[PDB]
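These notes concern the structure reproduced below.
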Amino acid sequence: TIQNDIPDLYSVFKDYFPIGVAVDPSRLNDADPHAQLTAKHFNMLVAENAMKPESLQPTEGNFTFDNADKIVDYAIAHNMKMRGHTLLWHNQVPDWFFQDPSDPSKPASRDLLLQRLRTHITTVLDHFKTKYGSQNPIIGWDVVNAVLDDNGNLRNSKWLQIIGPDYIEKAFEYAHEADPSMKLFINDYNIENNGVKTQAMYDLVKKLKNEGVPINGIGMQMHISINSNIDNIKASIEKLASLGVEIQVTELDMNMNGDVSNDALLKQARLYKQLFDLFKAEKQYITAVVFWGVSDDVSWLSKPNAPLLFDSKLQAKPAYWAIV
Ligand SMILES: O[C@@H]1[C@@H](O)[C@H](O[C@@H]2CO[C@@H](O)[C@H](O)[C@H]2O)OC[C@H]1O
């Protein structure tokens, strides 16, 4: 059961940015304590999985929006904004996209994969616009997700193999044509470490924006660890922000590296407090901070872990009190 009278987390950040959370459609019932935590603490929602490509078009032309729409309906009922995650990724994308349908042993061509990408993006955005209209809570989408490799080169996914390097710009062109009201993000992890991947993200967005690609923001997943360096996160935000794009912290959680001891929870609280002081100091660039999961027991990280502000019994952790 949850603590009903402690401060609503997002309210602490009302003069800075919305505070959101990634959710599962099965955790939205009024009587479910995970749903109660969700509605109490967050004013922004993201689908952890229900808006991924496999979750929306499992076989070609067969769109499955029920779970996504359940999350959208809940966001509307709770006066929450949403982020759309995600139109393109190398995981949770059905194999049919990349196969020649007359010979599935062969790859789809560049033109066929681009047409499929355009149809998927346009159908997904037109679905939310036609079903929800002005009540659509989605303010923007992760148009492409994790397109860089660990060394900063373009990840050699099937999108890159079949189409080539301009598949990224094409995804943004298709999204922008389908719904110009959406803010369009490129989203990625490890770009907060101020290493070669941060520099490659800055170089890629600088290039594409100079070419007129409609990229409005960079999503910094921020799957950080208890050993992450705040100075490096601050230098990465400053570098990426110099491109004149919005920054959103999209999938925040903290990998404890197997140490869930009380001492580690106190170290986590100090690090989360430093991180949120940094986000508040960079409020001129940051337009949303979203946590990747409601509470530790539903985190995607393998066990043992304690990555979030609410523990495995849904109680506020030292980190929650340090930030509020
Ligand atoms: O439920 C799990 C999700 O939490 C997980 O979400 C991904 C985490 O890695 C990030 O790079 C991705 O952007 C994000 O979608 O996906 C796997 C799923 O089983």
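Ligands are numbered from 1 in the order shown, chains are lettered A, B, ... in the order of the structure tokens, and residues start at 1 in each chain.
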TODO: Identify, with DSSP run on backbone atoms, the residues in range 256-315 of chain A assigned to strand (DSSP E or B), and express the list as number ranges by chain.
DONE: A: 286-291, 310
Pick out each residue of range 55-147 of chain A that DSSP on the backbone tags as alpha helix (DSSP H); I need them as a CSV table (one decimal) with N, CA, C and O atoms, in the first residue's frame.
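Contents of part07.csv, as written:
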chain,number,residue,atom,x,y,z
A,55,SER,N,4.7,-3.9,-30.7
A,55,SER,CA,3.5,-3.8,-29.9
A,55,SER,C,2.4,-3.1,-30.7
A,55,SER,O,1.2,-3.2,-30.3
A,56,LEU,N,2.7,-2.4,-31.8
A,56,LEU,CA,1.7,-1.7,-32.6
A,56,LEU,C,1.4,-2.3,-33.9
A,56,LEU,O,0.3,-2.2,-34.4
A,66,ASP,N,-4.7,-1.4,-28.8
A,66,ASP,CA,-5.5,-1.4,-27.5
A,66,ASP,C,-4.7,-1.1,-26.3
A,66,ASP,O,-5.2,-0.3,-25.5
A,67,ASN,N,-3.5,-1.7,-26.1
A,67,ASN,CA,-2.8,-1.4,-24.9
A,67,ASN,C,-2.3,0.0,-24.9
A,67,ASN,O,-2.3,0.7,-23.8
A,68,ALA,N,-1.8,0.5,-26.0
A,68,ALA,CA,-1.4,1.9,-26.1
A,68,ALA,C,-2.5,2.8,-25.7
A,68,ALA,O,-2.3,3.8,-25.0
A,69,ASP,N,-3.7,2.6,-26.3
A,69,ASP,CA,-4.9,3.4,-26.1
A,69,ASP,C,-5.3,3.3,-24.6
A,69,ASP,O,-5.8,4.3,-24.0
A,70,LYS,N,-5.1,2.2,-23.9
A,70,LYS,CA,-5.5,2.1,-22.5
A,70,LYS,C,-4.6,3.1,-21.7
A,70,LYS,O,-5.1,3.8,-20.8
A,71,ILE,N,-3.3,3.1,-22.1
A,71,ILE,CA,-2.4,4.1,-21.4
A,71,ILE,C,-2.8,5.5,-21.7
A,71,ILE,O,-2.8,6.4,-20.8
A,72,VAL,N,-3.1,5.8,-23.0
A,72,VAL,CA,-3.5,7.2,-23.4
A,72,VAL,C,-4.8,7.6,-22.6
A,72,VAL,O,-4.8,8.7,-22.1
A,73,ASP,N,-5.7,6.7,-22.5
A,73,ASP,CA,-7.0,6.9,-21.8
A,73,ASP,C,-6.7,7.3,-20.3
A,73,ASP,O,-7.3,8.2,-19.7
A,74,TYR,N,-5.8,6.5,-19.7
A,74,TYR,CA,-5.4,6.8,-18.3
A,74,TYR,C,-4.8,8.1,-18.2
A,74,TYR,O,-5.1,8.9,-17.3
A,75,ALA,N,-3.8,8.5,-19.1
A,75,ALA,CA,-3.2,9.8,-19.0
A,75,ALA,C,-4.3,10.9,-19.1
A,75,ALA,O,-4.1,11.9,-18.4
A,76,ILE,N,-5.2,10.7,-20.0
A,76,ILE,CA,-6.2,11.8,-20.2
A,76,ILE,C,-7.0,11.9,-18.9
A,76,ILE,O,-7.2,13.0,-18.4
A,77,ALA,N,-7.4,10.8,-18.3
A,77,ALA,CA,-8.2,10.7,-17.0
A,77,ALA,C,-7.4,11.4,-15.9
A,77,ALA,O,-8.1,12.0,-15.0
A,110,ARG,N,15.6,-1.2,-50.0
A,110,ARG,CA,15.6,0.2,-49.5
A,110,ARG,C,14.3,0.8,-49.7
A,110,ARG,O,13.7,1.3,-48.7
A,111,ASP,N,13.7,0.8,-50.9
A,111,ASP,CA,12.4,1.5,-51.1
A,111,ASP,C,11.3,0.8,-50.3
A,111,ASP,O,10.4,1.5,-49.7
A,112,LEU,N,11.3,-0.5,-50.2
A,112,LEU,CA,10.2,-1.2,-49.5
A,112,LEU,C,10.4,-0.9,-48.0
A,112,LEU,O,9.3,-0.7,-47.4
A,113,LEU,N,11.5,-1.0,-47.5
A,113,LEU,CA,11.7,-0.7,-46.0
A,113,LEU,C,11.3,0.7,-45.7
A,113,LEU,O,10.6,1.0,-44.7
A,114,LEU,N,11.7,1.7,-46.6
A,114,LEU,CA,11.3,3.1,-46.3
A,114,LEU,C,9.8,3.2,-46.5
A,114,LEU,O,9.2,4.0,-45.7
A,115,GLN,N,9.1,2.5,-47.4
A,115,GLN,CA,7.7,2.6,-47.5
A,115,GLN,C,7.0,2.1,-46.2
A,115,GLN,O,6.1,2.6,-45.7
A,116,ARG,N,7.5,0.9,-45.8
A,116,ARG,CA,7.0,0.3,-44.5
A,116,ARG,C,7.2,1.3,-43.3
A,116,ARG,O,6.3,1.4,-42.5
A,117,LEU,N,8.4,2.0,-43.3
A,117,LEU,CA,8.6,2.9,-42.2
A,117,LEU,C,7.6,4.1,-42.3
A,117,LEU,O,7.1,4.5,-41.3
A,118,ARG,N,7.4,4.6,-43.5
A,118,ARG,CA,6.5,5.7,-43.6
A,118,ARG,C,5.1,5.2,-43.2
A,118,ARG,O,4.4,6.0,-42.5
A,119,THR,N,4.7,4.1,-43.7
A,119,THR,CA,3.3,3.6,-43.4
A,119,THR,C,3.2,3.4,-41.9
A,119,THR,O,2.2,3.8,-41.3
A,120,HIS,N,4.2,2.8,-41.2
A,120,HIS,CA,4.1,2.6,-39.7
A,120,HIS,C,4.0,4.0,-39.0
A,120,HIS,O,3.1,4.2,-38.2
A,121,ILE,N,5.0,4.9,-39.3
A,121,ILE,CA,5.0,6.2,-38.6
A,121,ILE,C,3.7,6.9,-38.9
A,121,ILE,O,3.1,7.5,-37.9
A,122,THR,N,3.2,6.9,-40.2
A,122,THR,CA,2.1,7.8,-40.5
A,122,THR,C,0.8,7.1,-39.8
A,122,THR,O,0.0,7.8,-39.2
A,123,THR,N,0.7,5.8,-39.8
A,123,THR,CA,-0.5,5.2,-39.2
A,123,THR,C,-0.4,5.4,-37.7
A,123,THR,O,-1.5,5.7,-37.1
A,124,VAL,N,0.7,5.3,-37.0
A,124,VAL,CA,0.8,5.5,-35.6
A,124,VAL,C,0.4,6.9,-35.2
A,124,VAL,O,-0.5,7.1,-34.4
A,125,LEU,N,1.0,7.9,-35.9
A,125,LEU,CA,0.6,9.3,-35.6
A,125,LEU,C,-0.8,9.6,-36.0
A,125,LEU,O,-1.5,10.3,-35.2
A,126,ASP,N,-1.3,9.1,-37.1
A,126,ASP,CA,-2.7,9.4,-37.5
A,126,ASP,C,-3.6,8.7,-36.6
A,126,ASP,O,-4.8,9.2,-36.3
A,127,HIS,N,-3.3,7.6,-36.0
A,127,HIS,CA,-4.2,6.9,-35.1
A,127,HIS,C,-4.4,7.8,-33.9
A,127,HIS,O,-5.6,8.0,-33.4
A,128,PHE,N,-3.4,8.3,-33.2
A,128,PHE,CA,-3.6,9.1,-32.0
A,128,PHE,C,-4.3,10.4,-32.4
A,128,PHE,O,-5.2,10.9,-31.6
A,129,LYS,N,-3.9,11.0,-33.5
A,129,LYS,CA,-4.6,12.3,-33.8
A,129,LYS,C,-6.1,12.0,-34.2
A,129,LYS,O,-7.0,12.8,-33.7
A,130,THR,N,-6.4,11.0,-35.0
A,130,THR,CA,-7.8,10.8,-35.3
A,130,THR,C,-8.6,10.3,-34.2
A,130,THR,O,-9.8,10.7,-34.0
A,131,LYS,N,-8.1,9.5,-33.3
A,131,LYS,CA,-8.9,8.9,-32.2
A,131,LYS,C,-9.1,10.0,-31.1
A,131,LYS,O,-10.2,10.1,-30.6
A,132,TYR,N,-8.0,10.7,-30.8
A,132,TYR,CA,-8.1,11.6,-29.6
A,132,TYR,C,-8.1,13.1,-29.9
A,132,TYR,O,-8.5,13.9,-29.1
Please check which protein, DNA or RNA residues sit within 7 Å of ligand 1, counting only C-alpha atoms and all ligand atoms, and write them as an mmCIF file with N, CA and C atoms, in the first residue's frame.
data_model
loop_
_atom_site.group_PDB
_atom_site.id
_atom_site.type_symbol
_atom_site.label_atom_id
_atom_site.label_comp_id
_atom_site.auth_asym_id
_atom_site.auth_seq_id
_atom_site.Cartn_x
_atom_site.Cartn_y
_atom_site.Cartn_z
ATOM 1 N N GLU A 48 6.090 1.904 -21.429
ATOM 2 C CA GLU A 48 7.359 1.197 -21.355
ATOM 3 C C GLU A 48 7.541 0.298 -22.577
ATOM 4 N N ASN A 49 6.459 -0.308 -23.055
ATOM 5 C CA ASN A 49 6.519 -1.231 -24.189
ATOM 6 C C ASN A 49 5.378 -1.139 -25.169
ATOM 7 N N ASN A 145 15.397 5.513 -31.911
ATOM 8 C CA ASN A 145 15.910 5.120 -30.567
ATOM 9 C C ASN A 145 17.204 4.339 -30.715
ATOM 10 N N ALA A 146 18.208 4.738 -29.991
ATOM 11 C CA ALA A 146 19.488 3.974 -29.907
ATOM 12 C C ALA A 146 20.132 3.704 -31.210
ATOM 13 N N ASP A 188 18.737 8.285 -26.776
ATOM 14 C CA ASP A 188 19.838 7.287 -26.665
ATOM 15 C C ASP A 188 20.388 7.269 -25.259
ATOM 16 N N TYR A 189 21.085 6.160 -24.976
ATOM 17 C CA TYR A 189 21.754 5.942 -23.670
ATOM 18 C C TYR A 189 23.220 6.140 -23.813
ATOM 19 N N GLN A 221 18.432 9.025 -22.336
ATOM 20 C CA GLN A 221 17.812 7.948 -21.549
ATOM 21 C C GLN A 221 18.197 7.991 -20.057
ATOM 22 N N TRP A 292 12.164 5.435 -15.583
ATOM 23 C CA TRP A 292 11.844 4.198 -16.324
ATOM 24 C C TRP A 292 11.304 3.129 -15.399
ATOM 25 N N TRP A 300 12.907 -2.890 -15.073
ATOM 26 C CA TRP A 300 13.409 -3.812 -16.078
ATOM 27 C C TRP A 300 14.781 -4.327 -15.759
#
- [ ] With a distance cut-off of 7 Å and only C-alpha atoms, select the neighbouring residues of residue 47 in chain A, excluding the residue or stretch itself and same-chain residues fewer than 4 positions from it, and output the selection as a PyMOL selection string.
- [x] chain A and resi 22-24+51+71+85
Open item on the list: My list of candidates is A:218, A:266, A:294, A:271. Which is closest to residue 247 in chain A when distances are computed with only C-alpha atoms?
Closed with: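 For residue 247 in chain A, the nearest of the given residues is A:218.
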- [ ] Tell me, in Å to one decimal, how far CA of residue 179 in chain A is from CA of residue 38 in chain A.
- [x] 28.0 Å
Open item on the list: Just checking: using only C-alpha atoms, which residue out of A:322, A:235, A:93, A:213 ends up closest to residue 166 in chain A?
Closed with: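 Comparing A:322, A:235, A:93, A:213 against residue 166 in chain A, the winner is A:213.
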Task: Neighbour list for residue 239 in chain A as a PyMOL selection string, cut-off 12 Å, only C-alpha atoms, skip fewer than 5 positions in-chain - done: chain A and resi 191-195+198-203+205-206+218+232-234+244-245+247+282+285
Take the residues from that selection and write them out as an mmCIF file, in the first residue's frame, keeping N, CA and C atoms.
data_model
loop_
_atom_site.group_PDB
_atom_site.id
_atom_site.type_symbol
_atom_site.label_atom_id
_atom_site.label_comp_id
_atom_site.auth_asym_id
_atom_site.auth_seq_id
_atom_site.Cartn_x
_atom_site.Cartn_y
_atom_site.Cartn_z
ATOM 1 N N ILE A 191 24.908 8.713 -23.678
ATOM 2 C CA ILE A 191 25.258 10.039 -24.170
ATOM 3 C C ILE A 191 25.363 11.058 -23.032
ATOM 4 N N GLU A 192 25.196 10.615 -21.797
ATOM 5 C CA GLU A 192 25.400 11.490 -20.634
ATOM 6 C C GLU A 192 26.827 11.318 -20.068
ATOM 7 N N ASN A 193 27.659 10.449 -20.663
ATOM 8 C CA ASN A 193 28.956 10.191 -20.054
ATOM 9 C C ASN A 193 30.085 11.086 -20.542
ATOM 10 N N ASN A 194 29.816 11.977 -21.464
ATOM 11 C CA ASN A 194 30.795 12.903 -22.040
ATOM 12 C C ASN A 194 31.948 12.141 -22.681
ATOM 13 N N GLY A 195 31.679 11.005 -23.343
ATOM 14 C CA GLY A 195 32.689 10.201 -24.043
ATOM 15 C C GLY A 195 32.478 10.329 -25.547
ATOM 16 N N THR A 198 28.674 10.662 -26.633
ATOM 17 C CA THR A 198 28.123 12.048 -26.503
ATOM 18 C C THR A 198 28.562 12.866 -27.715
ATOM 19 N N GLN A 199 29.862 12.801 -28.054
ATOM 20 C CA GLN A 199 30.357 13.597 -29.159
ATOM 21 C C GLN A 199 29.728 13.153 -30.448
ATOM 22 N N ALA A 200 29.493 11.845 -30.632
ATOM 23 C CA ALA A 200 28.897 11.394 -31.878
ATOM 24 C C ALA A 200 27.422 11.845 -31.956
ATOM 25 N N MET A 201 26.707 11.871 -30.837
ATOM 26 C CA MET A 201 25.324 12.364 -30.882
ATOM 27 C C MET A 201 25.316 13.831 -31.250
ATOM 28 N N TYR A 202 26.219 14.584 -30.632
ATOM 29 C CA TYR A 202 26.291 16.049 -30.981
ATOM 30 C C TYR A 202 26.613 16.188 -32.463
ATOM 31 N N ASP A 203 27.565 15.408 -32.988
ATOM 32 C CA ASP A 203 27.933 15.567 -34.391
ATOM 33 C C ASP A 203 26.792 15.207 -35.321
ATOM 34 N N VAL A 205 23.415 15.173 -34.682
ATOM 35 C CA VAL A 205 22.313 16.137 -34.652
ATOM 36 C C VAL A 205 22.757 17.462 -35.318
ATOM 37 N N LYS A 206 23.991 17.901 -35.094
ATOM 38 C CA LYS A 206 24.444 19.126 -35.728
ATOM 39 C C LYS A 206 24.309 18.968 -37.243
ATOM 40 N N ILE A 218 16.739 16.096 -28.132
ATOM 41 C CA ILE A 218 17.526 14.919 -27.841
ATOM 42 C C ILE A 218 17.031 14.357 -26.531
ATOM 43 N N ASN A 232 30.393 14.726 -15.640
ATOM 44 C CA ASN A 232 30.260 14.286 -17.027
ATOM 45 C C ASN A 232 28.828 14.459 -17.582
ATOM 46 N N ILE A 233 27.841 14.216 -16.733
ATOM 47 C CA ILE A 233 26.439 14.415 -17.128
ATOM 48 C C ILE A 233 26.228 15.921 -17.402
ATOM 49 N N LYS A 234 26.751 16.803 -16.496
ATOM 50 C CA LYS A 234 26.566 18.225 -16.767
ATOM 51 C C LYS A 234 27.250 18.671 -18.091
ATOM 52 N N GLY A 244 20.765 23.911 -29.776
ATOM 53 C CA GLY A 244 19.481 24.570 -29.944
ATOM 54 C C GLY A 244 18.308 23.632 -30.027
ATOM 55 N N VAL A 245 18.429 22.502 -29.343
ATOM 56 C CA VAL A 245 17.338 21.514 -29.246
ATOM 57 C C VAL A 245 16.909 21.385 -27.807
ATOM 58 N N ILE A 247 16.192 19.246 -24.472
ATOM 59 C CA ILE A 247 16.744 18.033 -23.882
ATOM 60 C C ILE A 247 15.648 17.442 -23.016
ATOM 61 N N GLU A 282 19.690 23.349 -15.078
ATOM 62 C CA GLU A 282 19.630 23.331 -16.542
ATOM 63 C C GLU A 282 18.251 23.387 -17.061
ATOM 64 N N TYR A 285 17.070 24.222 -20.628
ATOM 65 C CA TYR A 285 17.226 23.227 -21.713
ATOM 66 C C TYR A 285 16.337 22.038 -21.502
#
- [ ] Show which residues sit within 7 Å of range 301-307 of chain A, as a ChimeraX atom specification. Count only C-alpha atoms, and ignore same-chain residues fewer than 4 positions away.
- [x] /A:253-256,258,260,296,311
TODO: Please identify all polymer residues within 10 Å of residue 287 in chain A, counting only C-alpha atoms, omitting same-chain residues fewer than 4 positions from it, and present them as a PyMOL selection string.
DONE: chain A and resi 16-19+217+246-249+279+282-283
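Take CA of residue 109 in chain A and CA of residue 208 in chain A: the distance between them is 23.7 Å.
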Task: Pairwise distance for CA of residue 317 in chain A and CA of residue 82 in chain A, rounded to one decimal in Å - done: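 According to the coordinates, CA of residue 317 in chain A and CA of residue 82 in chain A are separated by 25.3 Å.
Using only C-alpha atoms, the protein and nucleic acid residues lying no more than 10 Å from residue 161 in chain A, apart from those fewer than 5 places from it along its own chain, are residues 98, 107, 110, 155, 156 and 167 of chain A.
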For the selection you just gave me, I'd like the residues written to a file as a PDB file, in the first residue's frame, keeping N, CA and C atoms.
ATOM      1  N   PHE A  98      11.779  -6.300 -42.349  1.00  0.00           N
ATOM      2  CA  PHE A  98      13.078  -6.400 -43.045  1.00  0.00           C
ATOM      3  C   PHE A  98      13.130  -7.525 -44.045  1.00  0.00           C
ATOM      4  N   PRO A 107      16.257 -10.028 -47.950  1.00  0.00           N
ATOM      5  CA  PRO A 107      15.883  -8.748 -47.298  1.00  0.00           C
ATOM      6  C   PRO A 107      14.988  -7.910 -48.152  1.00  0.00           C
ATOM      7  N   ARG A 110      15.644  -1.159 -50.041  1.00  0.00           N
ATOM      8  CA  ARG A 110      15.630   0.177 -49.460  1.00  0.00           C
ATOM      9  C   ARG A 110      14.274   0.837 -49.659  1.00  0.00           C
ATOM     10  N   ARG A 155      24.884   2.498 -35.477  1.00  0.00           N
ATOM     11  CA  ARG A 155      24.626   1.077 -35.158  1.00  0.00           C
ATOM     12  C   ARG A 155      24.210   0.356 -36.458  1.00  0.00           C
ATOM     13  N   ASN A 156      24.843  -0.792 -36.695  1.00  0.00           N
ATOM     14  CA  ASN A 156      24.589  -1.525 -37.927  1.00  0.00           C
ATOM     15  C   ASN A 156      23.392  -2.442 -37.832  1.00  0.00           C
ATOM     16  N   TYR A 167      18.416   6.738 -43.318  1.00  0.00           N
ATOM     17  CA  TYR A 167      17.133   6.241 -42.787  1.00  0.00           C
ATOM     18  C   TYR A 167      16.677   7.121 -41.599  1.00  0.00           C
TER      19      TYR A 167
END
